[PDB]
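Data block below; observations after.
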Amino acid sequence: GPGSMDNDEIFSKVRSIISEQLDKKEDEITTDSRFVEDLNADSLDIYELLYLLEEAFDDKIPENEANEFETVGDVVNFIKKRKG
């Protein structure tokens, strides 16, 4: 079956790093996880994380991303296609 491309390698590769400490699966993408469950911190620290991340792509988070933003799952599929 399919599933072989940089598209599904970006979110996977990135998660492969945190997976060490997080010891979680990248397939845990869900709105019931958020940074609290998925990430090892709170949105407090994530604020600057995404804030600076969007600056690298030149796009408003609460404006552009807001079009379809909700939880980590959204950012995953977002940065996935955003870069490809």
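Residues in the structure tokens are numbered from 1 in each chain, the chains being A, B, ... in the order shown, and ligands are numbered from 1 in the order shown.
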Contact table segment 39-66 of chain A vs segment 70-78 of chain A, cut-off 12 Å, shortest pair per residue, only C-alpha atoms, as a Markdown table:
```
| residue | atom | partner | partner_atom | distance |
| --- | --- | --- | --- | --- |
| A:39 | CA | A:72 | CA | 8.9 |
| A:42 | CA | A:72 | CA | 12.0 |
| A:43 | CA | A:72 | CA | 10.5 |
| A:46 | CA | A:72 | CA | 10.5 |
| A:49 | CA | A:75 | CA | 11.8 |
| A:50 | CA | A:75 | CA | 9.1 |
| A:53 | CA | A:75 | CA | 10.8 |
| A:54 | CA | A:75 | CA | 10.8 |
| A:57 | CA | A:78 | CA | 11.8 |
| A:61 | CA | A:75 | CA | 10.0 |
| A:62 | CA | A:70 | CA | 10.4 |
| A:64 | CA | A:78 | CA | 11.0 |
| A:65 | CA | A:78 | CA | 8.2 |
| A:66 | CA | A:70 | CA | 7.7 |
```
Based on the selection just made, write N, CA, C and O atoms of those residues as a compact mmCIF listing (two decimals), in the first residue's frame.
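Wrote selection27.txt, looks like this:
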```txt
# COMPACT_ATOMS: atom_id res chain seq x y z
N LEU A 39 2.72 16.73 23.45
CA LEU A 39 3.97 17.39 23.83
C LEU A 39 4.25 17.20 25.32
O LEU A 39 3.38 16.77 26.08
N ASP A 42 3.20 22.74 28.16
CA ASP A 42 1.91 23.40 28.00
C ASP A 42 1.96 24.41 26.86
O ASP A 42 3.03 24.78 26.38
N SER A 43 0.78 24.85 26.42
CA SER A 43 0.68 25.81 25.33
C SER A 43 1.52 27.06 25.62
O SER A 43 1.92 27.78 24.71
N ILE A 46 4.54 26.55 23.98
CA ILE A 46 4.21 26.31 22.58
C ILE A 46 3.89 27.62 21.86
O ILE A 46 4.04 27.72 20.64
N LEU A 49 6.81 28.71 20.23
CA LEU A 49 7.18 27.66 19.29
C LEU A 49 6.54 27.89 17.93
O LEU A 49 7.24 28.05 16.92
N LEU A 50 5.21 27.91 17.90
CA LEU A 50 4.48 28.13 16.66
C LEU A 50 4.63 29.57 16.18
O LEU A 50 4.75 29.83 14.98
N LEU A 53 7.60 29.69 14.37
CA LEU A 53 7.50 28.75 13.27
C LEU A 53 6.79 29.38 12.08
O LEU A 53 7.24 29.27 10.94
N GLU A 54 5.67 30.05 12.35
CA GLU A 54 4.89 30.70 11.30
C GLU A 54 5.69 31.82 10.65
O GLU A 54 5.53 32.11 9.47
N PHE A 57 7.62 30.83 7.72
CA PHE A 57 6.83 30.55 6.53
C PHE A 57 6.09 31.80 6.06
O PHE A 57 5.48 31.81 4.99
N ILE A 61 -0.71 32.73 12.29
CA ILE A 61 -1.23 31.50 12.89
C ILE A 61 -2.71 31.64 13.23
O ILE A 61 -3.56 30.89 12.75
N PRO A 62 -3.03 32.64 14.07
CA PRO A 62 -4.41 32.90 14.50
C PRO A 62 -5.27 33.46 13.36
O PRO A 62 -6.47 33.66 13.52
N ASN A 64 -4.26 32.86 9.39
CA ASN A 64 -4.19 31.88 8.31
C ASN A 64 -4.51 30.48 8.83
O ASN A 64 -5.48 29.86 8.40
N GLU A 65 -3.68 29.99 9.74
CA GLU A 65 -3.87 28.66 10.31
C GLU A 65 -5.24 28.55 10.97
O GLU A 65 -5.87 27.49 10.95
N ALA A 66 -5.70 29.65 11.56
CA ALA A 66 -7.00 29.67 12.22
C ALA A 66 -8.10 29.16 11.30
O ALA A 66 -9.14 28.68 11.75
```
Hey, what does DSSP flag as helix (DSSP H, G or I) within segment 38-72 of chain A? Can you give it to me as an MDAnalysis selection string? chainID A and resid 43:57 65:68 72
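With only C-alpha atoms as the atoms that count, the residue of A:2, A:8, A:47, A:69 with the shortest distance to residue 84 of chain A is A:8.
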Just how far from atom CA of residue 80 of chain A is atom CA of residue 26 of chain A, in Å to one decimal?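 Computing the Euclidean distance for atom CA of residue 26 of chain A and atom CA of residue 80 of chain A yields 12.8 Å.
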